[PDB]
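> Mind having a look at this structure? Questions to follow.
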Amino acid sequence: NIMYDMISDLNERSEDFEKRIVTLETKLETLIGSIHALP
Amino acid sequence: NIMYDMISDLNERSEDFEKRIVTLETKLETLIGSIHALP
Amino acid sequence: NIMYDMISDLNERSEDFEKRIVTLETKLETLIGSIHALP
């Protein structure tokens, strides 16, 4: 089904986001911890 | 409808992203402002 | 089709994310490079 093809794309799309988002969030907080913490 | 279940999941998925994205963006610019601004 | 309207919204939604995500990622790594690199 065409609609399903679309839905499935979005899920692959969406999944990719979840990772990218987690990564960014970690780096961020980390760099912030890497600053606050020690010099 | 199964397809709708899928579509609705994606919206919940997608909504979650919008928040996470806004938050990250704020922290970022902020930390950048917290650097440029004063020491 | 209502379902399609929904699917299309999500794609516009999803597309918007991809940009916002790329931008954030660049700023991040950049600020990190702007720190490591020189003072």
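> How many residues are facing another protein chain (nearest Cβ under 7 Å) and closer than 20 Å to A:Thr23 by Cα when one looks only at region B:1-19?
Residues meeting the conditions: 3.
> Right, next: Any residue in region A:20-39 that is within 21 Å of C:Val22 (Cβ to Cβ) sitting within a Cβ distance under 9 Å of a residue that is of a type in the set (S, T, N, Q) and part of a helix (DSSP H, G or I)? List the pairs, counting only those 6 or more apart or interchain.
Pairs that qualify, where the first residue is within 21 Å of C:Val22 (Cβ to Cβ) and the partner is of a type in the set (S, T, N, Q) and part of a helix (DSSP H, G or I), are A:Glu25/B:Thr23.
> When only residues in chain B that are crowded, with 17+ Cβ neighbours inside 10 Å and among the β-branched types (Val, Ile, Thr) count, which is nearest to C:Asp5 (Cα to Cα)?
Here the residue is B:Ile7.
Positions of Cβ are generated from backbone atoms using ideal geometry, with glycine treated the same way; all protein chains shown enter the neighbour counts. None of the figures in this text is laboratory data; all of them are computed from the coordinates on show.
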